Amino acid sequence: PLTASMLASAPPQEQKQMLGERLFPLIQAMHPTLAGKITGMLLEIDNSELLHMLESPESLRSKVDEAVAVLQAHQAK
């Protein structure tokens, strides 16, 4: 598992990518086509919360559901 220590010791420019690599397969399971876009949207959240989302399925799902609701409304209009 990815840990806070691992993230904090990574160069800042790799941190989002490291989180993204672990979040993407989970988000893709939920949304096989929107996964790339939803992952990108979620990666704007701060790193502490992203790590929490990685560790807490209910937390990840709540953020994914909000991003999807907004994205799909955007696509529709």
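Counting begins at 1, following the sequence as shown. We call the rigid core the largest set of C-alpha positions that still match within 1.5 Å between the two forms.
Participant: Quick check: by Cα RMS after rigid core superposition, does 65 to 73 or 20 to 28 differ more from this form in 6 other deposited structures of this protein?
Facilitator: It is 65 to 73 that deviates more in 6 other deposited structures of this protein.
Participant: Would you mind working out which of 53 to 61 and 11 to 19 sits farther from this form in 6 other deposited structures of this protein by RMS C-alpha distance, with the rigid core as the fit?
Facilitator: So, of the two stretches, the farther one in 6 other deposited structures of this protein is 11 to 19.
Participant: Looking only at CA atoms, which has the higher mean B factor in the entry: 56 to 64 or 11 to 19?
Facilitator: Mean B over CA atoms: larger for 11 to 19.
Participant: Going by what the PDB entry lists, where does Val70 fall on CA B-factor within its chain: lowest, middle or highest third?
Facilitator: Lowest third.
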